[PDB]
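Some notes on the structure that comes next.
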Protein chains: 2
Amino acid sequence: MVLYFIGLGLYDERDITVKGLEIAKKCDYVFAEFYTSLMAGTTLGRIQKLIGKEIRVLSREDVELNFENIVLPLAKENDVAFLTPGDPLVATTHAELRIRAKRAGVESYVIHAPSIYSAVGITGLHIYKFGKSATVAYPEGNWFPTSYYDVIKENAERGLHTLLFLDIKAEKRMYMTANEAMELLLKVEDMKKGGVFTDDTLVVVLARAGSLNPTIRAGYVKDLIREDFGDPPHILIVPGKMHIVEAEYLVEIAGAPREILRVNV
Amino acid sequence: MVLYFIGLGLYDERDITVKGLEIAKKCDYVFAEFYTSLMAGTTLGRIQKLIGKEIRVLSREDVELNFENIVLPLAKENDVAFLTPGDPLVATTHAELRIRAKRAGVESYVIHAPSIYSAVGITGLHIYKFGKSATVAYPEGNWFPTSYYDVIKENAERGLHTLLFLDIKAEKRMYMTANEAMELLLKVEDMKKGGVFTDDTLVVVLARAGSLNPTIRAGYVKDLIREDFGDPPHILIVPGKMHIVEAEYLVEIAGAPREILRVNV
Ligand SMILES: Nc1ncnc2c1ncn2[C@@H]1O[C@H](CSCC[C@H](N)C(=O)O)[C@@H](O)[C@H]1O
Ligand code: NA
């Protein structure tokens, strides 16, 4: 009579922790969602084989509206697991689901897994220097989201890096690329003209973290805006004031122009 | 010819990922460091048994000053692994170790694992709202560093949460407790008087992230400064103004007083 929130990790089914695997293998019922992120290197079938269980995939509606009707009822008489990409509580609203579990008298536990939030470390940028985070959302109809632009501005002013989560529309199999993110940003820049994101802005792209060969690229928007970074998922990062070893890493590892080695202090 | 940076995760020997465990097992040599952090829920003996490889522990100096003469040489003609607590490359200086690998003509790959940076999501606080991070350092002799205090000030002022790592003396196995951290901050508040950290400041304490039974507590300093949060390590968080949902989570899951639902939202 327990509910387990278990992260599956960044790229494939092997990104789950041993703890998460062993516990999942022994749960009576296994549920999962694949709309909060994209695990590019695996399939539902492969996950099921590893875990040795049939997995009922839930939609955003099933979860956000009927979690307490579809999942919780079972966790009252069985060991239930709810799997998610990356870490179940990072950049999702799944934390609120623990409140529902409690109000239903269902104890819940959380098994973490590698998350894109900490994986940014592979970019060479000191993780403690990241400021507020944001999401570049797809414009819809006449509505054009722009808040993520202000986040970059605020962080840049303090010299902090900015992690930009990119939009996703799983049901339509749409995964925003870093290129689309850059195009949207230049459009916002054209509107606000704050000198926040231009063709000369240095950016970093991390694609398919978790795989053995993720794409890690750094450079100016003008050079990267049309570059192919491979299949999604992707994240875009706007560095703040860099330390010398950060720039050196971006150059030696992310193929950035040696030009950035000459850091301004 | 290959070097694998593999994360060990948060608390015990089962916090490594399946991918990390399988790659570790096929390595000819396995190194590890426990000076950046300590796996409090397990032992070196237990980690060695799970991986089935003897583990050569490296000191801070072995890594920072001699990585290239201790680890890379073997990485030249064998598969070598370098284990670190948490997610690889989170520790500030680890990223440049990949540059060293390159310089030595050695290929390197990163196998992620859970990190406290993402695991703090279990506190209910939205990850995107975290700002710059810092470490609470013990004063000593004539040196009294307070930068971590300014970090909290800058984040809070912008409605951002502040993740605070607490000082640790790995070799001597001595951890700073959230209680000690709170006392130190009050003294800094007494020195600077910025109205940043007082008896009325609301804080969150996270102990033993990764465990199935972690300690998550939220409340005002005047009430938590002398509370027993259990064995280390401890993580201290000073939230900024909260989203009603964040506060409800702390109230419902971390035993925070109802008061925060109106004073800190
Ligand atoms: N492996 C990966 N590589 C690059 N970006 C990734 C990624 N996994 C997730 N993301 C990014 O994060 C967004 C989903 S946000 C949900 C994140 C998840 N809880 C975690 O812990 O990682 C994606 O749209 C993408 O921009
Ligand atoms: Na952060």
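Ligands are numbered from 1 in the order shown, chains are lettered A, B, ... in the order of the structure tokens, and residues start at 1 in each chain.
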Enumerate residues in contact with ligand 1: an atom-to-atom distance of at most 8 Å, counting only C-alpha atoms and all ligand atoms. Format the result as JSON, numbers by chain. {"A": [7, 9, 10, 11, 36, 37, 38, 39, 40, 84, 85, 86, 87, 88, 89, 90, 91, 92, 113, 114, 115, 116, 117, 135, 164, 165, 166, 167, 168, 175, 176, 206, 207, 208, 209, 210, 211, 214, 232, 233, 234, 235, 236], "B": [118]}
Compute the set of protein, DNA and RNA residues whose minimum atom distance to ligand 2 is at most 7 Å, using only C-alpha atoms and all ligand atoms, and state it as a PyMOL selection string. (chain A and resi 127-128+130-131) or (chain B and resi 117+130-133)
Write out as a VMD selection string the residues lying within 7 Å of residue B:170, counting only C-alpha atoms and excluding same-chain residues fewer than 4 positions away. chain B and resid 34 to 35 37 174
Interatomic distance between atom CA of residue B:93 and atom CA of residue A:246?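 Answer for the atom CA of residue B:93 to atom CA of residue A:246 separation: 9.9 Å.
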Measuring between only C-alpha atoms, which one of A:111, A:120, A:151, A:74 shows the shortest distance to residue B:15?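 Of A:111, A:120, A:151, A:74, the one nearest residue B:15, counting only C-alpha atoms, is A:111.
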Would you mind writing down, as a list in words, each residue of stretch 37-91 of chain B that DSSP on the backbone assigns to alpha helix (DSSP H)? residues 44, 45, 46, 47, 48, 49, 50, 51, 60, 61, 62, 63, 64, 67, 68, 69, 70, 72, 73, 74, 75, 76 and 77 of chain B
Write the residues you've just listed into a file as an mmCIF file, in the first residue's frame, and include C-alpha atoms for each of them.
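And here's result_26.cif as it stands now:
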```cif
data_model
loop_
_atom_site.group_PDB
_atom_site.id
_atom_site.type_symbol
_atom_site.label_atom_id
_atom_site.label_comp_id
_atom_site.auth_asym_id
_atom_site.auth_seq_id
_atom_site.Cartn_x
_atom_site.Cartn_y
_atom_site.Cartn_z
ATOM 1 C CA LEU B 44 33.440 1.738 0.361
ATOM 2 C CA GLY B 45 33.279 -1.975 1.054
ATOM 3 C CA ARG B 46 29.662 -2.137 -0.027
ATOM 4 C CA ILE B 47 30.349 -0.089 -3.150
ATOM 5 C CA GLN B 48 33.284 -2.367 -4.039
ATOM 6 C CA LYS B 49 31.153 -5.485 -3.559
ATOM 7 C CA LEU B 50 28.352 -4.190 -5.773
ATOM 8 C CA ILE B 51 30.747 -3.324 -8.590
ATOM 9 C CA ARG B 60 41.894 15.889 -3.404
ATOM 10 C CA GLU B 61 45.566 16.345 -4.258
ATOM 11 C CA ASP B 62 45.689 13.125 -6.286
ATOM 12 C CA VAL B 63 42.916 14.551 -8.447
ATOM 13 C CA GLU B 64 43.640 18.278 -8.627
ATOM 14 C CA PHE B 67 45.037 13.283 -12.312
ATOM 15 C CA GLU B 68 47.223 13.028 -15.409
ATOM 16 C CA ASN B 69 49.925 10.916 -13.790
ATOM 17 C CA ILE B 70 47.713 8.632 -11.696
ATOM 18 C CA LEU B 72 45.090 9.011 -17.414
ATOM 19 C CA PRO B 73 48.176 6.834 -18.034
ATOM 20 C CA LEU B 74 46.129 3.702 -17.372
ATOM 21 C CA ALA B 75 43.257 5.212 -19.342
ATOM 22 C CA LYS B 76 45.668 5.174 -22.284
ATOM 23 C CA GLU B 77 45.646 1.391 -22.746
#
```
Where does DSSP see strand (DSSP E or B) in stretch 218-247 of chain B, if you list the residues as a PyMOL selection string? chain B and resi 218-220+234-238
Residues within 8 Å of stretch 252-260 of chain A, only C-alpha atoms, excluding chain neighbours under 3 positions, as a PyMOL selection string: (chain A and resi 123+216-219+247-249+263) or (chain B and resi 99)
Grab the residues selected above and save them as an mmCIF file, in the first residue's frame with N, CA and C atoms.
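Heads up, here's the output in again.cif:
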```
data_model
loop_
_atom_site.group_PDB
_atom_site.id
_atom_site.type_symbol
_atom_site.label_atom_id
_atom_site.label_comp_id
_atom_site.auth_asym_id
_atom_site.auth_seq_id
_atom_site.Cartn_x
_atom_site.Cartn_y
_atom_site.Cartn_z
ATOM 1 N N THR A 123 28.513 20.785 -19.634
ATOM 2 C CA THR A 123 28.793 21.919 -20.522
ATOM 3 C C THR A 123 30.033 22.679 -20.080
ATOM 4 N N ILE A 216 27.415 18.732 -27.709
ATOM 5 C CA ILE A 216 27.719 19.867 -26.848
ATOM 6 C C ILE A 216 28.381 20.934 -27.710
ATOM 7 N N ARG A 217 27.649 22.002 -27.995
ATOM 8 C CA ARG A 217 28.180 23.064 -28.838
ATOM 9 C C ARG A 217 28.023 24.449 -28.232
ATOM 10 N N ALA A 218 29.036 25.275 -28.454
ATOM 11 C CA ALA A 218 29.049 26.637 -27.950
ATOM 12 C C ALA A 218 29.487 27.562 -29.074
ATOM 13 N N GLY A 219 28.890 28.746 -29.118
ATOM 14 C CA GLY A 219 29.241 29.697 -30.150
ATOM 15 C C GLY A 219 28.245 30.831 -30.220
ATOM 16 N N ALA A 247 35.340 29.050 -20.116
ATOM 17 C CA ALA A 247 35.535 29.363 -21.525
ATOM 18 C C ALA A 247 36.470 28.329 -22.145
ATOM 19 N N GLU A 248 37.531 27.995 -21.424
ATOM 20 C CA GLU A 248 38.496 27.022 -21.908
ATOM 21 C C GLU A 248 37.814 25.683 -22.186
ATOM 22 N N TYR A 249 36.874 25.305 -21.328
ATOM 23 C CA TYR A 249 36.173 24.046 -21.522
ATOM 24 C C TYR A 249 35.272 24.154 -22.745
ATOM 25 N N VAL A 263 38.381 36.303 -22.161
ATOM 26 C CA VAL A 263 37.246 36.702 -21.344
ATOM 27 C C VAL A 263 37.352 38.129 -20.828
ATOM 28 N N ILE B 99 39.426 18.133 -20.026
ATOM 29 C CA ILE B 99 40.381 18.817 -20.885
ATOM 30 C C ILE B 99 41.693 18.065 -20.741
#
```
Just want the 6 Å neighbourhood of stretch 54-59 of chain B, counted on only C-alpha atoms, with same-chain residues fewer than 4 positions away dropped. Output as a ChimeraX atom specification. /B:30-33,48
Selection to disk with N, CA, C and O atoms, as a CSV table (one decimal), in the first residue's frame:
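Output file result31.csv is given in full below:
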```csv
chain,number,residue,atom,x,y,z
B,30,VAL,N,39.3,1.0,-11.6
B,30,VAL,CA,38.2,1.9,-11.1
B,30,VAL,C,38.8,2.8,-10.0
B,30,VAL,O,39.3,2.3,-9.0
B,31,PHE,N,38.6,4.1,-10.2
B,31,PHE,CA,39.1,5.1,-9.2
B,31,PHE,C,37.8,5.7,-8.6
B,31,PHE,O,36.7,5.7,-9.2
B,32,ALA,N,38.1,6.4,-7.5
B,32,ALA,CA,37.0,7.1,-6.8
B,32,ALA,C,37.5,8.2,-5.9
B,32,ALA,O,38.7,8.1,-5.4
B,33,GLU,N,36.7,9.2,-5.6
B,33,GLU,CA,37.1,10.2,-4.7
B,33,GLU,C,35.9,10.5,-3.8
B,33,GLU,O,34.8,10.4,-4.2
B,48,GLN,N,32.4,-1.4,-3.4
B,48,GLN,CA,33.3,-2.4,-4.0
B,48,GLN,C,32.6,-3.7,-4.3
B,48,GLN,O,32.8,-4.3,-5.4
```
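Atom CA of residue A:6 is positioned 25.4 Å from atom CA of residue B:239.
Of note, atom CA of residue A:27 and atom CA of residue B:16 are spaced 20.3 Å apart.
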Which one of B:212, B:225, B:185, B:178 sits closest to chain A if you count only C-alpha atoms?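 Among B:212, B:225, B:185, B:178, it is B:212 that comes nearest to chain A.
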Between B:134, B:2, B:205, B:104, smallest distance to residue B:162 by only C-alpha atoms belongs to B:134
Find the residue from B:145, B:159, B:121, B:41 that sits nearest to chain A; use only C-alpha atoms when measuring. B:121
Who sits within 10 Å of residue A:228, only C-alpha atoms, same chain under 5 positions skipped, as an MDAnalysis selection string: chainID A and resid 177:179 215
Using the selection just defined, write its residues with N, CA and C atoms as an mmCIF file, in the first residue's frame.
```cif
data_model
loop_
_atom_site.group_PDB
_atom_site.id
_atom_site.type_symbol
_atom_site.label_atom_id
_atom_site.label_comp_id
_atom_site.auth_asym_id
_atom_site.auth_seq_id
_atom_site.Cartn_x
_atom_site.Cartn_y
_atom_site.Cartn_z
ATOM 1 N N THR A 177 13.617 22.491 -30.952
ATOM 2 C CA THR A 177 15.059 22.369 -31.088
ATOM 3 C C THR A 177 15.688 23.663 -30.592
ATOM 4 N N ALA A 178 17.001 23.652 -30.398
ATOM 5 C CA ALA A 178 17.688 24.845 -29.930
ATOM 6 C C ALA A 178 17.598 25.916 -31.015
ATOM 7 N N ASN A 179 17.540 25.476 -32.269
ATOM 8 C CA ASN A 179 17.440 26.407 -33.389
ATOM 9 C C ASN A 179 16.137 27.188 -33.293
ATOM 10 N N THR A 215 25.475 15.980 -27.978
ATOM 11 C CA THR A 215 25.991 17.082 -28.769
ATOM 12 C C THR A 215 26.178 18.265 -27.830
#
```
